[PDB]
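work_6.txt (compact mmCIF, N, CA and C atoms) appears below.
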```txt
# COMPACT_ATOMS: atom_id res chain seq x y z
N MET A 1 -139.53 54.26 -156.75
CA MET A 1 -139.33 53.49 -155.52
C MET A 1 -138.55 54.30 -154.49
N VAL A 2 -138.76 53.99 -153.22
CA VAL A 2 -138.08 54.69 -152.14
C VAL A 2 -137.25 53.73 -151.30
N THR A 3 -135.99 54.08 -151.06
CA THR A 3 -135.09 53.25 -150.28
C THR A 3 -135.16 53.61 -148.80
N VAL A 4 -135.26 52.60 -147.94
CA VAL A 4 -135.33 52.81 -146.50
C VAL A 4 -134.24 52.03 -145.78
N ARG A 5 -133.59 52.68 -144.82
CA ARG A 5 -132.52 52.05 -144.05
C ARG A 5 -132.95 51.85 -142.60
N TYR A 6 -132.52 50.73 -142.01
CA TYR A 6 -132.86 50.42 -140.63
C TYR A 6 -131.60 50.28 -139.78
N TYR A 7 -131.62 50.89 -138.60
CA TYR A 7 -130.48 50.84 -137.70
C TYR A 7 -130.92 50.45 -136.29
N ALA A 8 -132.07 50.98 -135.87
CA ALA A 8 -132.60 50.69 -134.55
C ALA A 8 -132.96 49.21 -134.41
N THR A 9 -133.83 48.91 -133.45
CA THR A 9 -134.25 47.53 -133.22
C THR A 9 -134.99 46.97 -134.42
N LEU A 10 -135.33 47.84 -135.36
CA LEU A 10 -136.04 47.43 -136.57
C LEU A 10 -135.20 46.48 -137.40
N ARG A 11 -133.89 46.70 -137.40
CA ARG A 11 -132.97 45.85 -138.15
C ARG A 11 -133.18 44.38 -137.81
N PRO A 12 -132.95 44.03 -136.54
CA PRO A 12 -133.11 42.65 -136.06
C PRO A 12 -134.58 42.22 -136.02
N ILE A 13 -135.48 43.16 -136.26
CA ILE A 13 -136.90 42.88 -136.26
C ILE A 13 -137.37 42.37 -137.62
N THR A 14 -136.74 42.88 -138.68
CA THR A 14 -137.08 42.48 -140.04
C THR A 14 -135.99 41.60 -140.65
N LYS A 15 -134.85 41.55 -139.98
CA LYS A 15 -133.72 40.75 -140.46
C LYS A 15 -133.20 41.27 -141.79
N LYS A 16 -133.15 42.59 -141.92
CA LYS A 16 -132.67 43.22 -143.14
C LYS A 16 -131.86 44.48 -142.83
N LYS A 17 -131.27 45.07 -143.86
CA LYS A 17 -130.47 46.27 -143.69
C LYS A 17 -130.99 47.40 -144.58
N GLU A 18 -131.48 47.04 -145.76
CA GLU A 18 -132.01 48.02 -146.70
C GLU A 18 -133.07 47.40 -147.59
N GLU A 19 -134.11 48.17 -147.91
CA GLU A 19 -135.19 47.69 -148.76
C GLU A 19 -135.90 48.86 -149.44
N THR A 20 -136.66 48.55 -150.48
CA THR A 20 -137.39 49.57 -151.22
C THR A 20 -138.88 49.54 -150.88
N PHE A 21 -139.56 50.65 -151.15
CA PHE A 21 -140.99 50.75 -150.86
C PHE A 21 -141.71 51.55 -151.95
N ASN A 22 -143.03 51.42 -152.00
CA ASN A 22 -143.83 52.13 -152.99
C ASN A 22 -145.18 52.53 -152.41
N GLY A 23 -145.61 53.75 -152.72
CA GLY A 23 -146.88 54.24 -152.22
C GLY A 23 -146.72 55.29 -151.14
N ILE A 24 -145.54 55.33 -150.53
CA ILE A 24 -145.26 56.28 -149.47
C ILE A 24 -144.55 57.52 -150.02
N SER A 25 -145.12 58.69 -149.75
CA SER A 25 -144.55 59.95 -150.22
C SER A 25 -144.43 60.95 -149.07
N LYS A 26 -144.79 60.51 -147.87
CA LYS A 26 -144.73 61.37 -146.69
C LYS A 26 -144.24 60.59 -145.48
N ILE A 27 -143.68 61.30 -144.51
CA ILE A 27 -143.18 60.67 -143.29
C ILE A 27 -144.33 60.13 -142.44
N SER A 28 -145.38 60.93 -142.30
CA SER A 28 -146.54 60.53 -141.51
C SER A 28 -147.05 59.16 -141.94
N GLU A 29 -147.31 59.01 -143.24
CA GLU A 29 -147.80 57.74 -143.78
C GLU A 29 -146.71 56.67 -143.72
N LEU A 30 -145.46 57.10 -143.79
CA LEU A 30 -144.33 56.18 -143.75
C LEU A 30 -144.22 55.51 -142.38
N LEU A 31 -144.24 56.32 -141.33
CA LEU A 31 -144.15 55.80 -139.97
C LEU A 31 -145.28 54.82 -139.68
N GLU A 32 -146.51 55.24 -139.96
CA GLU A 32 -147.68 54.40 -139.73
C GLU A 32 -147.57 53.10 -140.53
N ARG A 33 -146.89 53.16 -141.67
CA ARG A 33 -146.72 52.00 -142.52
C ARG A 33 -145.78 50.98 -141.87
N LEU A 34 -144.76 51.48 -141.19
CA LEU A 34 -143.79 50.62 -140.52
C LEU A 34 -144.45 49.83 -139.40
N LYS A 35 -145.23 50.52 -138.57
CA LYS A 35 -145.92 49.88 -137.46
C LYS A 35 -146.90 48.82 -137.96
N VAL A 36 -147.52 49.08 -139.11
CA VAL A 36 -148.47 48.15 -139.69
C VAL A 36 -147.76 46.97 -140.33
N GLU A 37 -146.85 47.26 -141.26
CA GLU A 37 -146.10 46.21 -141.95
C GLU A 37 -145.33 45.35 -140.95
N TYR A 38 -144.59 46.00 -140.06
CA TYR A 38 -143.81 45.29 -139.05
C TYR A 38 -144.71 44.78 -137.93
N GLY A 39 -145.90 45.36 -137.82
CA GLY A 39 -146.83 44.96 -136.78
C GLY A 39 -146.54 45.63 -135.45
N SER A 40 -147.14 45.10 -134.39
CA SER A 40 -146.95 45.65 -133.05
C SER A 40 -145.57 45.32 -132.51
N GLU A 41 -145.04 44.17 -132.94
CA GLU A 41 -143.72 43.74 -132.50
C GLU A 41 -142.69 44.85 -132.65
N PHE A 42 -142.85 45.65 -133.70
CA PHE A 42 -141.93 46.75 -133.97
C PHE A 42 -142.21 47.92 -133.02
N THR A 43 -143.47 48.31 -132.92
CA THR A 43 -143.87 49.41 -132.05
C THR A 43 -143.47 49.14 -130.60
N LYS A 44 -143.66 47.90 -130.17
CA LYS A 44 -143.32 47.50 -128.81
C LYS A 44 -141.81 47.41 -128.62
N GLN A 45 -141.14 46.77 -129.58
CA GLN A 45 -139.69 46.62 -129.52
C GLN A 45 -139.00 47.98 -129.53
N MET A 46 -139.71 48.99 -130.00
CA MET A 46 -139.16 50.34 -130.07
C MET A 46 -139.65 51.19 -128.89
N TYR A 47 -140.88 50.93 -128.46
CA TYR A 47 -141.46 51.67 -127.34
C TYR A 47 -140.78 51.29 -126.03
N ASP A 48 -140.02 52.22 -125.48
CA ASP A 48 -139.32 51.99 -124.22
C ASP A 48 -139.77 52.99 -123.15
N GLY A 49 -140.81 52.61 -122.41
CA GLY A 49 -141.32 53.48 -121.36
C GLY A 49 -142.76 53.90 -121.61
N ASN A 50 -142.94 54.99 -122.35
CA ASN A 50 -144.27 55.49 -122.66
C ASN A 50 -144.40 55.83 -124.14
N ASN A 51 -143.60 56.79 -124.59
CA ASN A 51 -143.63 57.21 -125.99
C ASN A 51 -142.30 56.89 -126.68
N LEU A 52 -142.31 56.89 -128.01
CA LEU A 52 -141.11 56.60 -128.78
C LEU A 52 -141.00 57.53 -129.98
N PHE A 53 -142.07 57.60 -130.77
CA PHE A 53 -142.09 58.45 -131.96
C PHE A 53 -141.77 59.89 -131.59
N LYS A 54 -142.12 60.28 -130.37
CA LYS A 54 -141.86 61.64 -129.90
C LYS A 54 -140.36 61.91 -129.81
N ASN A 55 -139.57 60.84 -129.81
CA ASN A 55 -138.12 60.97 -129.73
C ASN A 55 -137.45 60.34 -130.95
N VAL A 56 -138.22 59.56 -131.70
CA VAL A 56 -137.70 58.90 -132.90
C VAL A 56 -137.00 59.90 -133.81
N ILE A 57 -135.92 59.45 -134.45
CA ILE A 57 -135.16 60.31 -135.35
C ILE A 57 -135.14 59.73 -136.76
N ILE A 58 -135.80 60.43 -137.68
CA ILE A 58 -135.86 59.99 -139.07
C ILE A 58 -135.28 61.05 -140.01
N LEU A 59 -134.38 60.63 -140.89
CA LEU A 59 -133.76 61.54 -141.84
C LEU A 59 -134.37 61.39 -143.23
N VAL A 60 -134.90 62.48 -143.77
CA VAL A 60 -135.51 62.47 -145.09
C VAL A 60 -134.53 62.96 -146.15
N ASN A 61 -134.22 62.09 -147.11
CA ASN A 61 -133.30 62.44 -148.18
C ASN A 61 -132.00 63.01 -147.63
N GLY A 62 -131.63 62.57 -146.43
CA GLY A 62 -130.41 63.05 -145.81
C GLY A 62 -130.59 64.40 -145.15
N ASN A 63 -131.50 64.47 -144.18
CA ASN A 63 -131.77 65.71 -143.47
C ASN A 63 -132.84 65.51 -142.40
N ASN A 64 -132.61 66.08 -141.22
CA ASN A 64 -133.55 65.96 -140.11
C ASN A 64 -134.85 66.69 -140.43
N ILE A 65 -135.97 66.05 -140.10
CA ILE A 65 -137.28 66.64 -140.35
C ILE A 65 -137.60 67.73 -139.33
N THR A 66 -137.06 67.58 -138.12
CA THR A 66 -137.28 68.56 -137.06
C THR A 66 -136.89 69.96 -137.51
N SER A 67 -135.97 70.03 -138.47
CA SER A 67 -135.51 71.31 -138.99
C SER A 67 -136.28 71.70 -140.24
N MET A 68 -137.55 71.29 -140.30
CA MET A 68 -138.40 71.60 -141.44
C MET A 68 -139.86 71.31 -141.13
N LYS A 69 -140.24 70.04 -141.24
CA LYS A 69 -141.61 69.62 -140.97
C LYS A 69 -141.64 68.45 -140.00
N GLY A 70 -142.78 68.26 -139.34
CA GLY A 70 -142.92 67.17 -138.39
C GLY A 70 -143.47 65.91 -139.03
N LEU A 71 -144.79 65.80 -139.08
CA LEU A 71 -145.44 64.64 -139.66
C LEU A 71 -145.81 64.90 -141.12
N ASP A 72 -145.84 66.17 -141.50
CA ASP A 72 -146.17 66.55 -142.87
C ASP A 72 -144.92 66.60 -143.74
N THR A 73 -143.82 66.08 -143.21
CA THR A 73 -142.56 66.07 -143.94
C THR A 73 -142.68 65.26 -145.22
N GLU A 74 -142.07 65.76 -146.29
CA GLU A 74 -142.11 65.08 -147.58
C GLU A 74 -140.71 64.64 -148.01
N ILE A 75 -140.65 63.73 -148.97
CA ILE A 75 -139.38 63.23 -149.47
C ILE A 75 -139.06 63.81 -150.85
N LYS A 76 -137.77 63.88 -151.17
CA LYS A 76 -137.33 64.41 -152.46
C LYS A 76 -137.35 63.33 -153.53
N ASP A 77 -137.08 63.72 -154.77
CA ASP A 77 -137.06 62.78 -155.88
C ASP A 77 -136.14 61.60 -155.58
N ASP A 78 -135.12 61.84 -154.76
CA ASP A 78 -134.17 60.80 -154.39
C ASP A 78 -134.88 59.63 -153.72
N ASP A 79 -135.81 59.95 -152.82
CA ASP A 79 -136.56 58.92 -152.10
C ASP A 79 -135.64 58.09 -151.22
N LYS A 80 -135.31 58.61 -150.05
CA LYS A 80 -134.43 57.91 -149.11
C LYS A 80 -134.80 58.25 -147.67
N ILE A 81 -135.11 57.22 -146.89
CA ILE A 81 -135.48 57.40 -145.49
C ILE A 81 -134.59 56.56 -144.58
N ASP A 82 -134.20 57.14 -143.44
CA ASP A 82 -133.36 56.45 -142.48
C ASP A 82 -134.02 56.41 -141.11
N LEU A 83 -134.02 55.24 -140.49
CA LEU A 83 -134.62 55.07 -139.16
C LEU A 83 -133.55 54.75 -138.12
N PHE A 84 -133.40 55.64 -137.15
CA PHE A 84 -132.41 55.45 -136.09
C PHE A 84 -133.09 55.38 -134.72
N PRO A 85 -132.49 54.61 -133.80
CA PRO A 85 -133.02 54.44 -132.44
C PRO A 85 -132.89 55.71 -131.61
N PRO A 86 -134.03 56.18 -131.07
CA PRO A 86 -134.07 57.39 -130.24
C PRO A 86 -133.39 57.19 -128.89
N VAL A 87 -133.01 58.30 -128.25
CA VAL A 87 -132.35 58.24 -126.95
C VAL A 87 -133.18 57.45 -125.95
N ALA A 88 -134.50 57.49 -126.12
CA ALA A 88 -135.41 56.78 -125.23
C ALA A 88 -135.39 55.28 -125.51
N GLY A 89 -135.09 54.92 -126.76
CA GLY A 89 -135.04 53.52 -127.13
C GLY A 89 -133.67 52.91 -126.93
N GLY A 90 -133.59 51.90 -126.07
CA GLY A 90 -132.32 51.25 -125.81
C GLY A 90 -131.59 51.85 -124.62
```
Could I get this structure in the form of structure tokens?
Amino acid sequence: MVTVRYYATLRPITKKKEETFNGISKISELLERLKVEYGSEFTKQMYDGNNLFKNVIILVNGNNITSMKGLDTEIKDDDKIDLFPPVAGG
């Protein structure tokens, strides 16, 4: 199982702070999963202006993906993802 943390508008969107997931082993599939599971309400609540994911900040197993991989980023055995609100959001 993989643990995911919410800090951005996603928190008040799902009414939670932490939850587990299964089936996701990559960031690319993870992000797309959030928009689907949470629906458009999440994508819109996060989309401020034009783009959001382009500024979105996600930490994989405690580390920025920008300093490694973009959408092909993978998670470690630890399985831990963090979602924070981008400078464009809010």
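Distance check against residue 86 in chain A using only N, CA and C atoms: of A:9, A:74, A:69, A:27, the minimum falls on A:9.
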Using all atoms of range 80-87 of chain A listed in the file and a margin of 5 Å per side, can you give the axis-aligned box centre and edge lengths in Å to one decimal, as JSON?
```
{"center_x": -133.9, "center_y": 56.5, "center_z": -138.0, "size_x": 13.1, "size_y": 14.2, "size_z": 34.1}
```
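The environment of residue 75 in chain A within 6 Å, counting only N, CA and C atoms and disregarding residues fewer than 6 places along the same chain, consists of residues 25, 26, 27, 60 and 61 of chain A.
Nearest to residue 5 in chain A of all the residues A:52, A:46, A:34, A:71 is A:34, counting only C-alpha atoms.
For the residues A:13, A:50, A:7, A:23, ranking by smallest atom-to-atom distance to residue 38 in chain A using all atoms listed in the file places A:13 first.
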For residue 58 in chain A, work out the shell of residues within 6.5 Å, counting all atoms listed in the file and skipping chain neighbours fewer than 5 positions away, then give it as a PyMOL selection string. chain A and resi 63-65+81-84
Of the residues A:10, A:70, A:55, A:80, which is the one nearest to residue 39 in chain A, using only C-alpha atoms? A:10
Length of the atom N of residue 47 in chain A to atom C of residue 4 in chain A vector [Å]: 18.6 Å
Would you list, as a PyMOL selection string, the residues of chain A that end up in helix (DSSP H, G or I) under DSSP run on this structure's backbone? chain A and resi 10-14+27-37+40-46+65-67
List as a PyMOL selection string the residues having at least one atom at most 8 Å from position (-136.5, 59.6, -161.8) as given in the file, counting all atoms listed in the file. chain A and resi 1+77-78
Return as a ChimeraX atom specification the full set of residues in chain A whose backbone-based DSSP assignment is strand (DSSP E). /A:2-6,18-21,57-60,80-84
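Proximity of A:2, A:8, A:31, A:87 to residue 72 in chain A, computed with only C-alpha atoms, is greatest for A:31.
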Add whatever atoms are absent from range 41-60 of chain A to reach N, CA, C and O atoms, and provide the output as a PDB file, in the coordinates of the input.
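What follows is the written file part-v5.pdb:
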```
ATOM      1  N   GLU A  41    -145.040  44.170-132.940  1.00  0.00           N
ATOM      2  CA  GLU A  41    -143.720  43.740-132.500  1.00  0.00           C
ATOM      3  C   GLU A  41    -142.690  44.850-132.650  1.00  0.00           C
ATOM      4  O   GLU A  41    -141.783  44.993-131.832  1.00  0.00           O
ATOM      5  N   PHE A  42    -142.850  45.650-133.700  1.00  0.00           N
ATOM      6  CA  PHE A  42    -141.930  46.750-133.970  1.00  0.00           C
ATOM      7  C   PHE A  42    -142.210  47.920-133.020  1.00  0.00           C
ATOM      8  O   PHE A  42    -141.288  48.456-132.396  1.00  0.00           O
ATOM      9  N   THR A  43    -143.470  48.310-132.920  1.00  0.00           N
ATOM     10  CA  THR A  43    -143.870  49.410-132.050  1.00  0.00           C
ATOM     11  C   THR A  43    -143.470  49.140-130.600  1.00  0.00           C
ATOM     12  O   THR A  43    -143.019  50.036-129.891  1.00  0.00           O
ATOM     13  N   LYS A  44    -143.660  47.900-130.170  1.00  0.00           N
ATOM     14  CA  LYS A  44    -143.320  47.500-128.810  1.00  0.00           C
ATOM     15  C   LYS A  44    -141.810  47.410-128.620  1.00  0.00           C
ATOM     16  O   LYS A  44    -141.266  47.912-127.638  1.00  0.00           O
ATOM     17  N   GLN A  45    -141.140  46.770-129.580  1.00  0.00           N
ATOM     18  CA  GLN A  45    -139.690  46.620-129.520  1.00  0.00           C
ATOM     19  C   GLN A  45    -139.000  47.980-129.530  1.00  0.00           C
ATOM     20  O   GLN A  45    -137.844  48.101-129.116  1.00  0.00           O
ATOM     21  N   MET A  46    -139.710  48.990-130.000  1.00  0.00           N
ATOM     22  CA  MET A  46    -139.160  50.340-130.070  1.00  0.00           C
ATOM     23  C   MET A  46    -139.650  51.190-128.890  1.00  0.00           C
ATOM     24  O   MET A  46    -138.924  52.048-128.392  1.00  0.00           O
ATOM     25  N   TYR A  47    -140.880  50.930-128.460  1.00  0.00           N
ATOM     26  CA  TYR A  47    -141.460  51.670-127.340  1.00  0.00           C
ATOM     27  C   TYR A  47    -140.780  51.290-126.030  1.00  0.00           C
ATOM     28  O   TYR A  47    -140.954  50.180-125.526  1.00  0.00           O
ATOM     29  N   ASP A  48    -140.020  52.220-125.480  1.00  0.00           N
ATOM     30  CA  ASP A  48    -139.320  51.990-124.220  1.00  0.00           C
ATOM     31  C   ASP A  48    -139.770  52.990-123.150  1.00  0.00           C
ATOM     32  O   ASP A  48    -139.195  54.064-123.010  1.00  0.00           O
ATOM     33  N   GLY A  49    -140.810  52.610-122.410  1.00  0.00           N
ATOM     34  CA  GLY A  49    -141.320  53.480-121.360  1.00  0.00           C
ATOM     35  C   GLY A  49    -142.760  53.900-121.610  1.00  0.00           C
ATOM     36  O   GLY A  49    -143.688  53.246-121.141  1.00  0.00           O
ATOM     37  N   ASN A  50    -142.940  54.990-122.350  1.00  0.00           N
ATOM     38  CA  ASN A  50    -144.270  55.490-122.660  1.00  0.00           C
ATOM     39  C   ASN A  50    -144.400  55.830-124.140  1.00  0.00           C
ATOM     40  O   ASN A  50    -145.199  55.226-124.858  1.00  0.00           O
ATOM     41  N   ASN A  51    -143.600  56.790-124.590  1.00  0.00           N
ATOM     42  CA  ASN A  51    -143.630  57.210-125.990  1.00  0.00           C
ATOM     43  C   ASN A  51    -142.300  56.890-126.680  1.00  0.00           C
ATOM     44  O   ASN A  51    -141.291  56.641-126.015  1.00  0.00           O
ATOM     45  N   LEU A  52    -142.310  56.890-128.010  1.00  0.00           N
ATOM     46  CA  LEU A  52    -141.110  56.600-128.780  1.00  0.00           C
ATOM     47  C   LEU A  52    -141.000  57.530-129.980  1.00  0.00           C
ATOM     48  O   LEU A  52    -139.976  58.180-130.192  1.00  0.00           O
ATOM     49  N   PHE A  53    -142.070  57.600-130.770  1.00  0.00           N
ATOM     50  CA  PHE A  53    -142.090  58.450-131.960  1.00  0.00           C
ATOM     51  C   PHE A  53    -141.770  59.890-131.590  1.00  0.00           C
ATOM     52  O   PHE A  53    -141.213  60.641-132.399  1.00  0.00           O
ATOM     53  N   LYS A  54    -142.120  60.280-130.370  1.00  0.00           N
ATOM     54  CA  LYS A  54    -141.860  61.640-129.900  1.00  0.00           C
ATOM     55  C   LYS A  54    -140.360  61.910-129.810  1.00  0.00           C
ATOM     56  O   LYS A  54    -139.933  63.061-129.737  1.00  0.00           O
ATOM     57  N   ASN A  55    -139.570  60.840-129.810  1.00  0.00           N
ATOM     58  CA  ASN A  55    -138.120  60.970-129.730  1.00  0.00           C
ATOM     59  C   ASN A  55    -137.450  60.340-130.950  1.00  0.00           C
ATOM     60  O   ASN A  55    -136.269  60.568-131.207  1.00  0.00           O
ATOM     61  N   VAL A  56    -138.220  59.560-131.700  1.00  0.00           N
ATOM     62  CA  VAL A  56    -137.700  58.900-132.900  1.00  0.00           C
ATOM     63  C   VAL A  56    -137.000  59.900-133.810  1.00  0.00           C
ATOM     64  O   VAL A  56    -137.424  61.049-133.932  1.00  0.00           O
ATOM     65  N   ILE A  57    -135.920  59.450-134.450  1.00  0.00           N
ATOM     66  CA  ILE A  57    -135.160  60.310-135.350  1.00  0.00           C
ATOM     67  C   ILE A  57    -135.140  59.730-136.760  1.00  0.00           C
ATOM     68  O   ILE A  57    -134.546  58.688-137.011  1.00  0.00           O
ATOM     69  N   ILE A  58    -135.800  60.430-137.680  1.00  0.00           N
ATOM     70  CA  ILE A  58    -135.860  59.990-139.070  1.00  0.00           C
ATOM     71  C   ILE A  58    -135.280  61.050-140.010  1.00  0.00           C
ATOM     72  O   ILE A  58    -135.651  62.226-139.933  1.00  0.00           O
ATOM     73  N   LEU A  59    -134.380  60.630-140.890  1.00  0.00           N
ATOM     74  CA  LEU A  59    -133.760  61.540-141.840  1.00  0.00           C
ATOM     75  C   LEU A  59    -134.370  61.390-143.230  1.00  0.00           C
ATOM     76  O   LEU A  59    -134.367  60.295-143.798  1.00  0.00           O
ATOM     77  N   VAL A  60    -134.900  62.480-143.770  1.00  0.00           N
ATOM     78  CA  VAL A  60    -135.510  62.470-145.090  1.00  0.00           C
ATOM     79  C   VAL A  60    -134.530  62.960-146.150  1.00  0.00           C
ATOM     80  O   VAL A  60    -134.076  64.099-146.108  1.00  0.00           O
TER      81      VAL A  60
END
```
